[PDB]
>>> print(open('upload16.cif').read())   # mmCIF, N, CA and C atoms; chains and numbers go by the auth columns
data_protein
loop_
_atom_site.group_PDB
_atom_site.id
_atom_site.type_symbol
_atom_site.label_atom_id
_atom_site.label_comp_id
_atom_site.label_asym_id
_atom_site.label_seq_id
_atom_site.Cartn_x
_atom_site.Cartn_y
_atom_site.Cartn_z
_atom_site.B_iso_or_equiv
_atom_site.auth_seq_id
_atom_site.auth_asym_id
ATOM 1 N N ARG A 1 -11.818 -15.688 15.837 0.00 1 A
ATOM 2 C CA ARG A 1 -12.772 -16.281 14.863 0.00 1 A
ATOM 3 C C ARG A 1 -12.107 -16.502 13.507 0.00 1 A
ATOM 4 N N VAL A 2 -12.457 -17.607 12.856 0.00 2 A
ATOM 5 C CA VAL A 2 -11.894 -17.935 11.551 0.00 2 A
ATOM 6 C C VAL A 2 -12.872 -17.600 10.430 0.00 2 A
ATOM 7 N N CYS A 3 -12.352 -17.028 9.349 0.00 3 A
ATOM 8 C CA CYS A 3 -13.179 -16.659 8.205 0.00 3 A
ATOM 9 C C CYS A 3 -13.058 -17.699 7.092 0.00 3 A
ATOM 10 N N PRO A 4 -14.198 -18.180 6.557 0.00 4 A
ATOM 11 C CA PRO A 4 -14.211 -19.180 5.486 0.00 4 A
ATOM 12 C C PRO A 4 -13.171 -18.898 4.405 0.00 4 A
ATOM 13 N N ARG A 5 -12.649 -19.962 3.803 0.00 5 A
ATOM 14 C CA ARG A 5 -11.647 -19.827 2.754 0.00 5 A
ATOM 15 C C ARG A 5 -12.287 -19.338 1.459 0.00 5 A
ATOM 16 N N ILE A 6 -12.533 -18.035 1.387 0.00 6 A
ATOM 17 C CA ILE A 6 -13.143 -17.435 0.206 0.00 6 A
ATOM 18 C C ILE A 6 -12.399 -16.172 -0.215 0.00 6 A
ATOM 19 N N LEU A 7 -11.921 -16.159 -1.455 0.00 7 A
ATOM 20 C CA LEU A 7 -11.193 -15.011 -1.985 0.00 7 A
ATOM 21 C C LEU A 7 -12.033 -13.741 -1.886 0.00 7 A
ATOM 22 N N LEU A 8 -11.390 -12.634 -1.532 0.00 8 A
ATOM 23 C CA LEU A 8 -12.086 -11.358 -1.403 0.00 8 A
ATOM 24 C C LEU A 8 -11.106 -10.194 -1.499 0.00 8 A
ATOM 25 N N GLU A 9 -11.280 -9.366 -2.526 0.00 9 A
ATOM 26 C CA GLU A 9 -10.411 -8.212 -2.740 0.00 9 A
ATOM 27 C C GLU A 9 -11.070 -6.927 -2.247 0.00 9 A
ATOM 28 N N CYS A 10 -10.353 -6.179 -1.412 0.00 10 A
ATOM 29 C CA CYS A 10 -10.878 -4.932 -0.865 0.00 10 A
ATOM 30 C C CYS A 10 -9.745 -3.997 -0.452 0.00 10 A
ATOM 31 N N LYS A 11 -10.088 -2.738 -0.198 0.00 11 A
ATOM 32 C CA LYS A 11 -9.104 -1.743 0.214 0.00 11 A
ATOM 33 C C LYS A 11 -8.962 -1.722 1.732 0.00 11 A
ATOM 34 N N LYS A 12 -10.019 -1.290 2.412 0.00 12 A
ATOM 35 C CA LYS A 12 -10.016 -1.228 3.868 0.00 12 A
ATOM 36 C C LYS A 12 -10.185 -2.623 4.461 0.00 12 A
ATOM 37 N N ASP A 13 -9.262 -3.008 5.336 0.00 13 A
ATOM 38 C CA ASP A 13 -9.307 -4.326 5.960 0.00 13 A
ATOM 39 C C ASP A 13 -10.661 -4.586 6.611 0.00 13 A
ATOM 40 N N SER A 14 -11.257 -3.536 7.158 0.00 14 A
ATOM 41 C CA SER A 14 -12.558 -3.641 7.806 0.00 14 A
ATOM 42 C C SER A 14 -13.584 -4.285 6.876 0.00 14 A
ATOM 43 N N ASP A 15 -13.452 -4.015 5.581 0.00 15 A
ATOM 44 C CA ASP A 15 -14.371 -4.553 4.584 0.00 15 A
ATOM 45 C C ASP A 15 -14.487 -6.073 4.680 0.00 15 A
ATOM 46 N N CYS A 16 -13.387 -6.736 5.036 0.00 16 A
ATOM 47 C CA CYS A 16 -13.371 -8.195 5.137 0.00 16 A
ATOM 48 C C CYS A 16 -14.586 -8.720 5.887 0.00 16 A
ATOM 49 N N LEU A 17 -14.756 -10.031 5.838 0.00 17 A
ATOM 50 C CA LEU A 17 -15.872 -10.688 6.503 0.00 17 A
ATOM 51 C C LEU A 17 -15.400 -11.398 7.764 0.00 17 A
ATOM 52 N N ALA A 18 -16.333 -11.682 8.667 0.00 18 A
ATOM 53 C CA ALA A 18 -15.999 -12.355 9.915 0.00 18 A
ATOM 54 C C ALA A 18 -14.824 -11.655 10.602 0.00 18 A
ATOM 55 N N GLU A 19 -13.998 -12.415 11.313 0.00 19 A
ATOM 56 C CA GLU A 19 -12.849 -11.843 12.000 0.00 19 A
ATOM 57 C C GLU A 19 -11.585 -11.966 11.149 0.00 19 A
ATOM 58 N N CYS A 20 -11.616 -11.387 9.949 0.00 20 A
ATOM 59 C CA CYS A 20 -10.470 -11.431 9.055 0.00 20 A
ATOM 60 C C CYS A 20 -10.162 -10.036 8.533 0.00 20 A
ATOM 61 N N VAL A 21 -9.233 -9.944 7.592 0.00 21 A
ATOM 62 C CA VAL A 21 -8.863 -8.653 7.032 0.00 21 A
ATOM 63 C C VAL A 21 -8.819 -8.687 5.509 0.00 21 A
ATOM 64 N N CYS A 22 -8.916 -7.505 4.920 0.00 22 A
ATOM 65 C CA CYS A 22 -8.881 -7.344 3.468 0.00 22 A
ATOM 66 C C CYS A 22 -7.486 -6.914 3.029 0.00 22 A
ATOM 67 N N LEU A 23 -6.977 -7.541 1.974 0.00 23 A
ATOM 68 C CA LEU A 23 -5.643 -7.228 1.475 0.00 23 A
ATOM 69 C C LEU A 23 -5.705 -6.296 0.270 0.00 23 A
ATOM 70 N N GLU A 24 -4.739 -5.383 0.198 0.00 24 A
ATOM 71 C CA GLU A 24 -4.669 -4.412 -0.889 0.00 24 A
ATOM 72 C C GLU A 24 -4.620 -5.093 -2.254 0.00 24 A
ATOM 73 N N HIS A 25 -3.777 -6.115 -2.388 0.00 25 A
ATOM 74 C CA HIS A 25 -3.654 -6.827 -3.656 0.00 25 A
ATOM 75 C C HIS A 25 -5.001 -7.393 -4.092 0.00 25 A
ATOM 76 N N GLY A 26 -5.900 -7.578 -3.129 0.00 26 A
ATOM 77 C CA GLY A 26 -7.219 -8.090 -3.438 0.00 26 A
ATOM 78 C C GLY A 26 -7.455 -9.494 -2.917 0.00 26 A
ATOM 79 N N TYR A 27 -7.454 -9.645 -1.595 0.00 27 A
ATOM 80 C CA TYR A 27 -7.683 -10.946 -0.971 0.00 27 A
ATOM 81 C C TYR A 27 -7.919 -10.800 0.529 0.00 27 A
ATOM 82 N N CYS A 28 -8.826 -11.613 1.064 0.00 28 A
ATOM 83 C CA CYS A 28 -9.142 -11.576 2.489 0.00 28 A
ATOM 84 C C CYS A 28 -8.405 -12.687 3.234 0.00 28 A
ATOM 85 N N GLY A 29 -7.570 -12.295 4.193 0.00 29 A
ATOM 86 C CA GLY A 29 -6.818 -13.267 4.963 0.00 29 A
ATOM 87 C C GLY A 29 -7.412 -13.505 6.337 0.00 29 A
#
>>> encode(input="upload16.cif", output="C-alpha cells")
Amino acid sequence: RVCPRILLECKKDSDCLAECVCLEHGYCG
C-alpha cells in the first residue's frame, strides 16, 4: 500500500500512516 505524499515527523515507525514508516529526522516515507 502507498501512503499519500504528506510530511510527517515521528519516533516509532508504527506511528506513520497507511503502509508507510516514520523517520527519526521527522518524516514519513
>>> resolve_selection(input="upload16.cif", expression="the PyMOL selection byres ((chain A and resi 28) around 6.5)", output="PyMOL selection string")
chain A and resi 6-10+16+20-23+26-27+29
>>> axis_aligned_box(input="upload16.cif", around="stretch 12-26 of chain A", padding_each_side="8 Å", output="JSON")
{"center_x": -10.0, "center_y": -6.8, "center_z": 4.0, "size_x": 28.7, "size_y": 27.2, "size_z": 32.1}
>>> atom_distance(input="upload16.cif", atom1="atom CA of residue A:25", atom2="atom C of residue A:11")
9.1 Å
>>> resolve_selection(input="upload16.cif", expression="the PyMOL selection byres (((chain A and resi 1 and name CA) around 7) and name CA)", output="list in words")
residues 2, 3 and 19 of chain A
>>> atom_distance(input="upload16.cif", atom1="atom CA of residue A:5", atom2="atom C of residue A:17")
10.5 Å
>>> decode(input="upload16.cif", residues="chain A", atoms="C-alpha atoms", output="PDB file, in the first residue's frame")
ATOM      1  CA  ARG A   1       0.000   0.000   0.000  1.00  0.00           C
ATOM      2  CA  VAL A   2       1.149   3.535  -0.813  1.00  0.00           C
ATOM      3  CA  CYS A   3       0.901   6.406   1.671  1.00  0.00           C
ATOM      4  CA  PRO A   4      -0.087   9.911   0.424  1.00  0.00           C
ATOM      5  CA  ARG A   5       2.773  12.360  -0.099  1.00  0.00           C
ATOM      6  CA  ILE A   6       2.410  14.142   3.239  1.00  0.00           C
ATOM      7  CA  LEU A   7       5.262  15.149   5.547  1.00  0.00           C
ATOM      8  CA  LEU A   8       5.110  13.511   8.978  1.00  0.00           C
ATOM      9  CA  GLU A   9       7.687  13.516  11.781  1.00  0.00           C
ATOM     10  CA  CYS A  10       7.591  10.738  14.382  1.00  0.00           C
ATOM     11  CA  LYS A  11       9.773   8.454  16.505  1.00  0.00           C
ATOM     12  CA  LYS A  12       8.266   4.979  16.185  1.00  0.00           C
ATOM     13  CA  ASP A  13       7.816   3.955  12.548  1.00  0.00           C
ATOM     14  CA  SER A  14       4.492   2.408  13.551  1.00  0.00           C
ATOM     15  CA  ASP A  15       3.225   5.950  14.141  1.00  0.00           C
ATOM     16  CA  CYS A  16       3.247   6.509  10.365  1.00  0.00           C
ATOM     17  CA  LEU A  17       0.024   6.366   8.382  1.00  0.00           C
ATOM     18  CA  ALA A  18      -1.173   3.738   5.912  1.00  0.00           C
ATOM     19  CA  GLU A  19       1.512   1.225   4.910  1.00  0.00           C
ATOM     20  CA  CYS A  20       4.477   3.548   5.470  1.00  0.00           C
ATOM     21  CA  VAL A  21       7.047   4.323   8.150  1.00  0.00           C
ATOM     22  CA  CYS A  22       8.058   7.229  10.376  1.00  0.00           C
ATOM     23  CA  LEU A  23      11.580   8.651  10.153  1.00  0.00           C
ATOM     24  CA  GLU A  24      13.627   9.813  13.141  1.00  0.00           C
ATOM     25  CA  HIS A  25      14.623  13.072  11.436  1.00  0.00           C
ATOM     26  CA  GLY A  26      10.899  13.730  11.206  1.00  0.00           C
ATOM     27  CA  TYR A  27       9.307  12.421   8.009  1.00  0.00           C
ATOM     28  CA  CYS A  28       7.063   9.574   6.847  1.00  0.00           C
ATOM     29  CA  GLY A  29       8.388   7.526   3.943  1.00  0.00           C
TER      30      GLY A  29
END
